[PDB]
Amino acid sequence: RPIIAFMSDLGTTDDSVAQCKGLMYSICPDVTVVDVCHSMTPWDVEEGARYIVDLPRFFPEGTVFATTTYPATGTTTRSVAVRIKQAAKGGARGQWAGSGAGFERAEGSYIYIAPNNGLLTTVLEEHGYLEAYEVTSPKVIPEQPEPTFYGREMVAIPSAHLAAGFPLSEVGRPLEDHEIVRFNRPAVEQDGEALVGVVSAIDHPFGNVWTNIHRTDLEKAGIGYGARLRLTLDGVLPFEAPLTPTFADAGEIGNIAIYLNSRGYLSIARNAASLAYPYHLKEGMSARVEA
């Protein structure tokens, strides 16, 4: 039966996540709580967004995503709960997840609940939504919420009510689209025949380097598997390799691989060695690619 997938900035160094889970099991006795991750940089909504955007196609229909970083905790702000539209295919190629031909997911089958602070920006961009509500009903949140713990009060608790079958439309008033806070997503720019983006993430624990340059950005340049690329990082450290599906395509252990990661984005790595860690490469460094 019901699943809550829980992504927070609470860490795993104290009992904070367990407090939320205790309440989730209290409210929805049959629930399964799946940890997404609790290690994001606090208050970094763009990073939290990366951990939650790709999730729906992996989960059983009816799954509730409880997703929180809440620096405006204790203020008059209230969470947003949305039923997304498209589960959405994903991966380097763009497909359903699972055995055989994959598991097709029906539309309108997932709910996200989150602070209304832009955390859901890319979820809404990539999946769309069918309905959105402000979370205000004392049936689903505390009458006297703990000031410093709104992720528990305004996300974990109401997520468990939704998992327990509390009607989404009863959590509070519908929100107009402009009332849902979004963050600005920096565009990949074309610079002659080059594409210019950033390092979006270091892929821990491996030290692979992920960029914000999407497959679609490459397809738009006619760059496909086999293309010899020059990928320049930090505007000083350059790299040369063909675009390949995987790490082993580089040949010898330690050789440079340029590939599409499992999220659909242009990435660079060493084959069975860490690229990022020895050279201290970091998120936010410039990333330029050209054939």
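When you see a residue number, it is the position in the sequence shown, counting from 1.
- Stretch comparison (240 to 248 versus 218 to 226) by mean CA B-factor in the PDB entry places 218 to 226 on top.
- Set 192 to 200 against 142 to 150 and average the Cα temperature factors; 192 to 200 ends up higher.
- The PDB entry assigns the greatest CA B-factor among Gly94, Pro158, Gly118, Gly207 to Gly94.
- The PDB entry assigns its highest CA temperature factor, among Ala114, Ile111, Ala163, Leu175, to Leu175.
- Ranked by C-alpha B-factor against the other modelled residues of its chain, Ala88 falls in the highest third.
- Ranked by C-alpha B-factor against the other modelled residues of its chain, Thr12 falls in the highest third.
- Annotation for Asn184: CA B-factor lies in the highest third of the chain's modelled residues.
- In this PDB entry, the Cα temperature factor of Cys28 sits in the middle third of its chain's modelled residues.
- Split the chain's modelled residues into thirds by C-alpha temperature factor. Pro56 is in the lowest one.
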